[PDB]
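Naming: A, B, ... by sequence-line order, numbering from 1 per chain. Every number for a ligand or one of its atoms is a count from 1 in the order of the listing. Hydrogens, waters and symmetry mates play no part in the numbers below; they use all other heavy atoms, side chains included.
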Amino acid sequence: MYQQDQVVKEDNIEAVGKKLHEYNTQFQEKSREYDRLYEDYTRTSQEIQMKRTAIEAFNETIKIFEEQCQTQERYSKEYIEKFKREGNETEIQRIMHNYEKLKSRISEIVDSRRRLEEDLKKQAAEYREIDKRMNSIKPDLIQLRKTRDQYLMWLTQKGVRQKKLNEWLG
Amino acid sequence: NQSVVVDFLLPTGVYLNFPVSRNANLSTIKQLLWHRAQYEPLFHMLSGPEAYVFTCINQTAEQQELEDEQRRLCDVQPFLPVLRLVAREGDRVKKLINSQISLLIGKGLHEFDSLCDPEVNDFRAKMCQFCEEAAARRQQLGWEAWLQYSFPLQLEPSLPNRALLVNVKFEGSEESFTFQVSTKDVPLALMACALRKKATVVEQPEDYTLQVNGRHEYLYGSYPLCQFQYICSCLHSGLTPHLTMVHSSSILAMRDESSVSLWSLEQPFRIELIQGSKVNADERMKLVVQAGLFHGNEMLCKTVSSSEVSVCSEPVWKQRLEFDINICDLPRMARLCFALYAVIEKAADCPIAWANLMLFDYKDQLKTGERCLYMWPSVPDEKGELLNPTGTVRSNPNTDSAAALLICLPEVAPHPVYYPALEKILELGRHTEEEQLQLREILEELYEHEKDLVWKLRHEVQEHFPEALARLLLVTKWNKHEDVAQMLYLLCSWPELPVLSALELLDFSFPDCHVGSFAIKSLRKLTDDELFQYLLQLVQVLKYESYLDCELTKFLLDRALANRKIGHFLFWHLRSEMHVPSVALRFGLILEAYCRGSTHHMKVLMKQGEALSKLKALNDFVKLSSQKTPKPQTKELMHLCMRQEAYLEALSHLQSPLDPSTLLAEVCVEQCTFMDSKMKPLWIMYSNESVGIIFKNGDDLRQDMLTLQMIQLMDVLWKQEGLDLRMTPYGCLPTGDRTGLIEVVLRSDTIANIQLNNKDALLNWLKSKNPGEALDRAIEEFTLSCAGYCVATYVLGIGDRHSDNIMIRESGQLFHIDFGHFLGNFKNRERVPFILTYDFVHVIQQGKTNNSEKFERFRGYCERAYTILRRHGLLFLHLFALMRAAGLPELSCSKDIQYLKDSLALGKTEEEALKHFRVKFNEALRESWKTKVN
Ligand SMILES: CN1CCC(c2ccccc2CC(C)(C)Nc2nc(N3CCOCC3)nc(-n3c(C(F)F)nc4ccccc43)n2)CC1
């Protein structure tokens with residue numbers, strides 16, 4: 001009348017205990033592998049947020065540099081005109097050359113920001129592959145845990161002492 | 001690599017670029033910039049150097065006005081070496097605190113603004129308002145009230161009538177008056193004594209106060225001198241106290257430095273599942289979404305599932321999931337939960353991720369419209385319940401790469417709907433002999449017939465079993481708004497329960513806002529001393545909260561603003577978890593609010609965080625160099641890195657984070673070393689007017705803090721019963737990501753190091769450390785400390801006790817270090833038996849083979865300690881239940897709680913528990929001999 005779904009190598013106690021050891025070994029191995037991957041997940045998440053706030057810091061730096069450009073274009077106007085009607089074109093050259101140096105510096109920071117943007121893009125795909133590997137590991141890990149517990153229950157019903165169980169779980 | 005090329009932006013638009021030293025301060029850099037700017041155009045238009053202030057982009061990606069021009073450039077740590085000259089204008093004080101806050105709490109304040117969340121902005125506005133209010137009121141209070149706030153009394157729990165001398169000194173005078181006082185003198189009485197001594201070798205006593213030399217610890221109040229921590233320690237240690245006379249005037253210098261009712265909406269609840277995003281799963285499987293309503297951990301209807309869709313990055317369902325509950329029956333704290341999983345086609349189920357969402361917002365409004373829930377990855381556990389209702393309702397901050405669900409709450413009314421106000425709840429909630437027997441039988445999980453009876457006589461529970469409120473809260477059917485209305489009606493009239501019962505009510509099983517408010521209302525009786533005992537658990541249950549503005553955050557900020565020491569440890573409890581994305585938002589907001597009300601302590605915390613940063617870099621240097629070069633030659637490489645001006649100044653002249661009253665002044669570089677084992681912890685020595693700390697990086701020290709905190713709690717509970725077991729409750733404090741500090745006990749050594757110089761080296765070391773008459777006293781301290789730590793380690797289930805992780809003080813006091821696991825865990829779970837060690841039993845017996853009298857005294861010490869702990873087992877259980885929010889791997893299920901239930905034998909009477917403890921002790925005695933005979 002009662003036909004429960006027993007999925008164990010229903011045989012001698014020594015054989016089920018042997019496979020209990022093998023399943024528990026595989027489970028602890030799969031758990032160590034998942035724990036390694038979950039560590040990489042946490043580190044990659046920390047590094048990605050670090051790169052994302054550093055991108056904002058680049059943004060704030062370029063913003064300040066563009067404010068400096070605008071301030072120069074306004075402040076220069078009055079003087080640049082006077083120096084011309086005064087023969088101080090050498091100093092106009094000085095102001096213009098200094099402002100050109102500011103331009104080239106902006107291009108350098110723009111280049112470094114784009115480099116970090118590419119690093120973040122690479123690490124973003126890294127994060128997605130670490131999460132995919134974890135998601136392809138979990139089904140096994142849970143199945144290995146359920147199988148180990150099932151063999152443990154079968155042995156407990158048959159009357160196996162706790163000492164022999166501990167021997168197989170070492 | 002001493003120089004760094006810096007860009008300079010002048011207010012006239014001129015750009016300058018030259019190298020400066022990484023170690024020069026901003027004042028020197030400004031003088032250098034002004035020496036170079038005079039040879040650049042438009043210099044004749046700038047004002048003097050002191051009219052401008054440097055501005056940079058700091059590590060938190062925020063603009064910061066570099067006001068302290070004594071800061072070195074390496075300490076400023078700009079993103080890029082870019083300094084901009086701007087005007088000295090604005091509030092300046094507000095800009096200063098705003099910038100220092102972002103650097104102190106490890107998160108930029110702009111990240112809150114960028115969220116564009118009204119709940120966040122409303123929290124900051126309200127919380128920072130109240131905190132600034134309390135800070136302003138504190139600045140008006142008298143000097144005695146401020147001396148209270150900044151340094152609360154450190155008192156013993158608590159006495160004979162002894163009399164001993166004391167060295168009382170005055171400020172700025174090497175001359176000091178030594179005189180005798182009684183151990184029961186109020187500090188005002190000793191105060192007037194040193195006064196009449198000063199005027200005869202004409203101020204008033206009540207204008208002064210007493211300070212411990214070399215520490216920020218003060219003696220005052222209406223307490224006897226013996227009850228003070230420093231004095232009571234001075235008697236047992238034998239040292240004569242050293243106090244300082246401080247005028248009030250010196251303390252002031254420190255102080256100055258639209259109505260569509262919800263219950264008429266009988267339609268069932270439903271949501272529109274639309275689309276997923278950024279899903280990474282096996283291409284051969286199918287994706288399903290599970291959804292269910294929850295109040296705490298209880299289901300409110302069936303778990304309505306979706307259909308299978310092929311695995312892809314952006315799966316689309318566009319299905320409506322209808323739930324078996326009406327809108328008018330959804331509780332206020334109704335928590336709806338998703339869990340996306342991958343299933344093999346019907347033709348090893350895998351939980352992919354999960355996400356929870358409140359059905360009502362923080363403004364009591366039923367949420368309607370489009371919602372995007374960024375999920376958290378599912379971690380496999382023991383109870384593979386796909387739905388994870390105990391998770392936080394906060395969203396995953398990693399928004400650019402994490403998975404999410406697009407769901408839609410449907411409109412239900414023309415005008416928006418709210419949860420009814422309290423008055424509309426009490427209007428609904430307003431409406432024998434044999435049964436009293438089963439009520440007493442039941443309250444002394446429930447069962448169905450028992451649940452309905454307790455709910456039947458709910459008024460009898462309130463009128464005769466008030467401490468059983470938690471049971472009545474669990475039998476209430478929250479999926480029926482009529483049952484809810486009647487329960488909250490009784491709750492709004494429940495009598496005040498003791499702190500013990502309120503501690504249980506703070507658990508996640510009781511999520512109703514009204515319940516938490518009732519609990520907090522009972523926790524307001526707590527003294528600052530007692531509140532500090534549960535501070536760690538109180539912080540952990542903040543992760544259980546659903547909204548930002550809550551009663552518990554209100555209460556914790558209240559006490560932190562009233563007690564500087566409580567605020568200090570609240571800060572570090574929150575700061576040490578800012579790397580955890582689940583709580584970074586909530587904690588950061590609390591931390592910002594706290595800083596605005598504690599501008600004074602902000603300076604202390606800033607100095608501590610900088611020293612902690614230098615220690616991390618120092619430990620990193622040692623870790624990288626200890627594997628290539630032997631330990632002897634790595635020590636001086638450490639030393640060379642420490643005597644740098646930036647390093648030496650940052651690690652010196654600070655308040656210890658383990659104890660803000662302990663002053664860490666001068667670093668003894670020579671006495672600094674490290675441990676060439678795992679983690680390579682640092683050993684930092686100091687010398688003030690001599691303290692040590694241990695900087696451990698690599699391991700989460702939270703479990704070690706909880707362990708030492710629980711041992712310290714047993715010590716206080718024992719001293720409350722007149723049982724002093726001569727403990728050594730040293731402190732452990734996590735400060736950051738796998739980073740913490742450990743208090744160092746001086747004059748102590750391991751069991752092993754003493755036993756390596758037949759095995760009487762223990763007794764011989766005690767003889768050489770306590771000569772002649774002092775031996776007997778030392779043996780007594782050993783006996784008491786051995787009993788208390790034996791009982792403590794057995795109760796907490798801390799095995800793996802061997803010569804390496806037990807230490808002895810030169811006074812004979814024993815204590816433990818390096819608690820790797822507790823609750824019976826080892827390299828696997830199993831009850832750790834009671835352990836007696838023959839090497840120790842040799843010492844209580846004073847070297848004799850058989851000293852019955854001394855041994856029965858030691859057994860009475862053990863049994864009295866275990867007995868007292870059994871009397872407070874519910875306290876330990878409640879504290880551990882709340883501690884399950886911390887996520888400690890060895891404290892996650894009810895089996896860990898059951899370990900404390902069995903170790904303390906709470907299911908048995910006191911007689912039966914003591915008899916079983918007797919048997920366990922006896923078998924431990926028999927096992928101690930067989931331990932070393934082999
Ligand atoms: C010749 N030198 C002398 C200096 C020694 C030295 C160096 C660095 C760090 C530490 C030492 C000390 C030593 C013996 C290795 N032991 C030690 N001492 C404590 N103390 C805390 C109480 O006061 C007493 C000192 N604490 C721990 N400890 C650690 C450890 F990882 F750091 N993790 C812990 C977790 C919880 C509780 C304690 C913990 N372990 C190395 C040789």
Side-chain angles (χ1 to χ4, degrees), chain B residues 536 576 615-616 618-623 625-626 630-632 634-639 642 651 656-659 662 664 667-677 679-686 690-712 715 726-736 738-757 765 769 785 789 792-793 796 798-822 825 888 890:
Chain B
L536 167 60
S576 76
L615 287 158
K616 167 61 155 97
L618 190 46
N619 210 147
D620 283 319
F621 173 86
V622 156
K623 283 150 148 265
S625 153
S626 34
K631 148 147 202 192
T634 44
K635 253 168 91 193
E636 312 58 19
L637 277 146
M638 222 183 49
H639 291 34
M642 306 195 6
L651 304 166
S656 160
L658 300 151
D659 186 13
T662 292
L664 303 195
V667 152
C668 311
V669 154
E670 44 274 31
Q671 319 190 194
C672 292
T673 167
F674 82 102
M675 190 169 96
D676 197 0
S677 295
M679 309 303 228
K680 269 91 182 211
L682 304 187
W683 176 285
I684 323 290
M685 273 305 297
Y686 281 81
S690 176
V691 202
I693 65 185
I694 282 165
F695 178 86
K696 192 162 162 176
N697 179 56
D699 229 0
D700 190 338
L701 293 191
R702 267 181 321 161
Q703 186 162 311
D704 316 74
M705 177 173 55
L706 173 64
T707 291
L708 288 159
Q709 219 147 280
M710 285 303 181
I711 289 165
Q712 180 222 141
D715 180 29
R726 308 313 298 148
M727 278 330 186
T728 308
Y730 66 89
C732 161
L733 177 75
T735 56
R738 304 175 226 110
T739 306
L741 299 173
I742 303 171
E743 193 192 335
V744 165
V745 199
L746 279 167
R747 298 166 236 120
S748 86
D749 202 8
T750 63
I751 288 314
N753 288 348
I754 272 157
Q755 292 195 313
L756 328 180
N757 202 355
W765 182 84
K769 294 304 181 182
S785 57
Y789 278 112
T793 45
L796 300 164
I798 303 196
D800 199 45
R801 303 332 286 164
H802 51 240
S803 51
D804 307 25
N805 38 58
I806 305 102
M807 313 197 114
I808 317 138
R809 297 225 250 166
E810 285 178 12
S811 81
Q813 273 151 296
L814 164 148
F815 64 95
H816 291 239
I817 86 172
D818 231 321
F819 318 92
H821 320 285
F822 63 172
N825 280 146
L888 301 174
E890 308 182 348

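Of all non-hydrogen atoms in B:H639 and B:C672, the two that sit nearest each other are CE1-O, 3.0 Å.
For the pair B:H816 and ligand 1, no heavy-atom separation below 4.0 Å is found.
Contact annotation: for B:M679 versus ligand 1, there are no heavy atoms closer than 4.0 Å. Under 4.0 angstrom from ligand 1, the non-hydrogen atoms of B:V745 come from both its backbone and its side chain.
Without hydrogens or angle criteria, B:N619 side chain to B:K616 main chain gives no donor-acceptor distance under 3.5 Å.
Listed by number with element, the atoms of ligand 1 under 4.0 Å from a non-hydrogen atom of B:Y730 are 37 (C), 38 (C). Annotation for ligand 1: atoms under 4.0 Å from non-hydrogen atoms of B:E743 are 21 (C), 22 (C), 23 (O). With ligand atoms numbered from 1 in the order given, ligand 1 contributes 23 (O) to contacts under 4.0 Å with heavy atoms of B:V744.
Considering only residues two or more places apart in sequence or on other chains, B:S576 meets the side-chain hydrogen bond (donor to acceptor under 3.5 Å, both in side chains) condition with none of them. In this structure B:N753 satisfies the side-chain hydrogen bond (donor to acceptor under 3.5 Å, both in side chains) test together with B:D749, B:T750, sequence neighbours excluded.
Comparing B:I817, B:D804, B:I742 against atom 34 (C) of ligand 1, the shortest heavy-atom distance belongs to B:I742.
Residue-to-ligand polar distances place B:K696 within reach of ligand 1: an N/O pair is separated by less than 3.5 Å.
For the pair B:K631 and B:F674, the cation-pi criterion (under 6.0 Å, within 45° of the ring axis) is fulfilled.
Between B:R747 and B:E810 there is no salt bridge, since no side-chain N of the basic residue sits under 4.0 Å from a carboxylate O of the acidic one.
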